[PDB]
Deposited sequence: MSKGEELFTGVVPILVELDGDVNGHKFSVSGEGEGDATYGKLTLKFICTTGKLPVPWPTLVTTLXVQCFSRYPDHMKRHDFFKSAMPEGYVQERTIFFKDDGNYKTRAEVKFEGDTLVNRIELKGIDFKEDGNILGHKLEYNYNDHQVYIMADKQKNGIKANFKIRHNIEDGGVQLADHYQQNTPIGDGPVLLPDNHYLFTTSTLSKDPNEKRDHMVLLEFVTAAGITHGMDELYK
């Protein structure tokens, strides 16, 4: 199975090609994931200068195959069983009273590395809004992802809202819609509707001078 591929620690590579209101940028991240515990540790760097959007707005874009599925749903794991060929992840993220992100990612194995490679296009943003004006605090409000099977496209989908805290004020909404389809031709486990639960912690590397995000995550899956 692609499940046997996650029994130990797996190195993770993340590459992102971004373009928001014509402001172009690149992000690289790397670290590792342990699906036995559902733990992820990654460090991201904006490889092109200052990031033109706040780091928290990118978190959901920057590998749900690392979630710990307990043994009573080891069959409900679309993400793991799609490997090594992998899966496509697509989202549109609407920032309320502001622009939106469109993302297309391919998540697959390359050698023994789990690679998440992303293109992101952001359109119609306010240049002094909460996003391009860098007005969001550096923290994270996790939300549970209710993952629904989609027998039509042989994949999964989900829809959820993330809350971003606004410096000097209230909360900025990020309305997420997601669909994943497998890249291979082989059969794939179309799960029953279950939950992913995440806790993200964001921090900084004191010896890192480039614009960057250190990210630690714990995630696993639940039924009902």
property	result
Coordinate gaps, deposited numbering	1 to 2, 65, 228 to 236
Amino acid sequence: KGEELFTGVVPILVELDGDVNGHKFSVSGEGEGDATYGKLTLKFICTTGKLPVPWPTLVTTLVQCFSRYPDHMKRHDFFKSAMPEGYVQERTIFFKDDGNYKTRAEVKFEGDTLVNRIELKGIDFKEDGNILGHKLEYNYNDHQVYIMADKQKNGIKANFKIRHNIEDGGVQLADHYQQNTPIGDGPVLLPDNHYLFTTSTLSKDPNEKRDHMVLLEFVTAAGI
From here on, numbers count along this sequence of modelled residues.
property: Stretch with the greater mean C-alpha B-factor as recorded in the entry, comparing 157 to 165 against 41 to 49; result: 157 to 165
property: Greater mean Cα temperature factor according to the PDB record, 2 to 10 or 213 to 221; result: 2 to 10
property: Peak C-alpha temperature factor (PDB record), options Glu90, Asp71, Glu110, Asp124; result: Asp71
property: Per the PDB entry, maximal CA B factor within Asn139, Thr103, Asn100, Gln152; result: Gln152
property: Within-chain third of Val59 by Cα B-factor, per the entry; result: lowest
property: Lowest, middle or highest third - CA B-factor, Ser81; result: highest
property: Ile118 CA temperature factor, ranked by third within the chain; result: lowest
property: Chain-relative CA temperature factor third for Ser28; result: lowest
property: Cα B factor band for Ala174 (lowest, middle or highest third within the chain); result: lowest
